[PDB]
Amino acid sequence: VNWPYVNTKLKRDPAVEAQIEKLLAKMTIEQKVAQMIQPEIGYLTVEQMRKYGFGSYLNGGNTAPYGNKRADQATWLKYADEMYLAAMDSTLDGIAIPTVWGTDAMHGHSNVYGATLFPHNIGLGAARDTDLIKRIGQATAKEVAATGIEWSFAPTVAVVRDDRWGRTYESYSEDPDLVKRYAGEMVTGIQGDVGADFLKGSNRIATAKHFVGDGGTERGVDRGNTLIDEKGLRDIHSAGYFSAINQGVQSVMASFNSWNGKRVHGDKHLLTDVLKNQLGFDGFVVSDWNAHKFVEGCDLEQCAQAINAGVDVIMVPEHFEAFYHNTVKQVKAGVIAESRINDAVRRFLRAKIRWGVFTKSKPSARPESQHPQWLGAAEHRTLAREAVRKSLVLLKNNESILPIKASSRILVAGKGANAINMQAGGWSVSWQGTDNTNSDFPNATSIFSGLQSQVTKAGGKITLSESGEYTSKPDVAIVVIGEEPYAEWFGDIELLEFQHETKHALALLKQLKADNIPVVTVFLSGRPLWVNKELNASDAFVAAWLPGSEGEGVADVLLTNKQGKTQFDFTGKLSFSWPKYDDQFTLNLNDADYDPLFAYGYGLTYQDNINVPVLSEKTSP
C-alpha cells in the first residue's frame, strides 16, 4: 500500500538546523533523553525541572498552577517564568535548553477558567466554513498565549464512523473530505501560514491528534480496535493528516486505539514507515496520556518499544522520573539506538527553536504575554457566536413555526434551558463537565439568557421553567433538552435511543403538546441520536450540537428581530448522517445501503416549506 508524500510546503530553515546539530553534538545521553520526557504540573516541581531540564511539561487541565482552581494571568506567567528559568539553569544537568509548556485545546483554551468556549467540532463541521475554522485557530492561539503557553493540541482530525463512540463530538464529520478541508485551516490558524509569519508572534506550536484510526474502532469503543485494511486507514482515517502535514503542523499525537489488534503507540509501521517515511512528516510525535503503558512489554515507568516505534516525546505525567532513568539505561544497554534518540531530539528541537525559544524573552516578558484580555476576549466571543449560528441544523420546521416573533409570549423549558454545562459539554473547564455550574463560565450566556435578552428588547414576555410550569399560557414553548456532558469512554453508548432508560424529556414534550402549545425543540448532543419519538412531539426541531459559551447564537437564528423580520437564517448542514432506526450504528455517506432519516448534507432553512410527517416509533427487540 502506497501512501502519498504530503509534506510539500514547509522547507527546513538552515539556521535552525545548524543550531540543532551544534546542540546535539555536545549533549549527553542524559540530556537528550530529558528532552523527550514530559511531566505534568500536578506532579512536577520546579526543583525537578532544575535537576533534569525536561524538554516540555504539560498543563493537564485538572489544576491551575500552584494548585489554584482559578488564577490571574500574573500567576500563570509567574509559574511559566519559574519553569523557564529552572530549565535555563545549567546547574545540576549541565545545559541550558529552554523548556515549553503544552496544553490540550479541544474547543478553545478549554481547560482554563475564563476561556472562550467555541462549539465542539461536530457543529463546526455542520457550519461548512473553512475561513471560520482558521479564525477560530487564530483566536485560540491568542487565548493560549495569554496563559504563557507555547504549545497547544489542535486540531482533532478523527473521522468518526460509529456514533456510539464517546468522542464523536470531537470530530468535524463522518466524511474524510470535510475533515481534509478543515484540518489545514486550523493548523495555519494556530501556527500561521507557511512563510514569513510561520510560528511568529502570538502563533503557537500545534499538535494534530490523533494518528490514527481512533474514529474507526469496532462498535465505537473508546481506545478500541480498528478493523480495516491499510487502504481504508489511508483513504478514510488519514485525510485530516494530509492537509495538516502539508500545512506544516509541528507535532502529531499518536492514538490510544489498536489497528487490527496492535496498539498504534507500539507500531513502527504506522509511526515511522507511514507517518515519517511515506507521508514525509518532518515534525515530532508526542504520545497520549500514559498511552505507553498499554504497549506489549511496557509499563508506566518504561517503554522502549514506543520510542523505537517512532514516538519522540513521551507524555508521562506522573511517572516521569523513573521513566527518565529507565530510558537512559536502555539507551546505554543498546536497546534504544542513539540514532533514534538523536532523531527524536532533532524533530522536537526543530519545533522549539523555529518557534523561538532561544530568541524570545522569558514568558512574562514576551509581547504575546502583555494582553490578558485575549483570554475570553469580546472579539472572540463574537466569533464564537457566529460559529454557533452557523452550526445549527434545522431538522424539522412544520408550518414554519420558526422563526418566532420576538414580541411573543414564550416559555423556555427543559433541563438544558439555563444550563451552560450542558451546552458546553465535556472538556470545558473540567473533564466530564458533570460538576460545572453556570458560575464556572464567567461571561458565557445560557440559551435562556440569550432568548430573554432579545425578547425583552422586542417587548415580548418570557418565562423560564425547566419542568414546563406556567402561569400565562405561552404562544410557543422552546424546549432545550439533550445529552449530559461527557468525555472519552464515559460517553460510549450501546443504544442509539435518546434517554432510552427514562424518556424524561419526551414526557415534558408530550405534556406541552397535550396542552396544545406549539413546541420548538433545541437538542444539545455530541452526535445524532435516534429521536423519532421526540421529533413527533415537536413542531420544530433543531440540532444545536454542543455550542459552547455563546448561547445567544441560538436566539439570533430562532427569533425574529424587533420588527418581526428574520435576522439570521439557518445555514448549517449535517456533517454526520441522522439515523431512522435505533440500530443504524454505522450509517455513513457513500454506504452501499444508505437509508438515513436525514442525509449527510441535509438542513432546512426558512426559505423551505417542507413538513416532516409523523415517524415510526418502533424500536428493535
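The numbering used is simple: start at 1 and walk along the sequence shown.
Out of 91 to 99 and 118 to 126, which stretch has the higher average CA B-factor listed in the record? Here the higher of the two C-alpha B-factor means belongs to 91 to 99.
Mean temperature factor over C-alpha atoms, higher-scoring stretch between 271 to 279 and 507 to 515: Going by the record's values, the stretch with the higher mean is 507 to 515.
For the C-alpha B-factor as written in the entry, point me to the maximum among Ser453, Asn532, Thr156, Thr445. Within the set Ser453, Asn532, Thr156, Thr445, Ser453 shows the top C-alpha B-factor.
Among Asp312, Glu399, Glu170, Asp175, single out the one with the highest C-alpha B factor in the record, please. Checking the PDB record, the top C-alpha B-factor among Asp312, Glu399, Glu170, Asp175 is at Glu399.
Sorting the chain's modelled residues by C-alpha B-factor, tell me whether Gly334 ends up in the lowest, middle or highest third. Its C-alpha B-factor, which the entry lists for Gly334, ranks in the middle third among residues of this chain.
Considering only modelled residues of the same chain, in which third does the CA B-factor of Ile610 rank: lowest, middle or highest? Ranked within chain, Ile610 CA B lands in the highest tercile.
C-alpha B factor of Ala417, ranked within the chain: lowest, middle or highest third? Middle third by C-alpha B-factor.
Ranking the modelled residues of this chain by C-alpha B-factor as given in the entry, is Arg385 in the lowest, middle or highest third? Middle third.
Could you tell me which third, lowest, middle or highest, the C-alpha B-factor of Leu58 occupies within its chain? Middle third - that is where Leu58 ends up once the chain's C-alpha B-factors are sorted.
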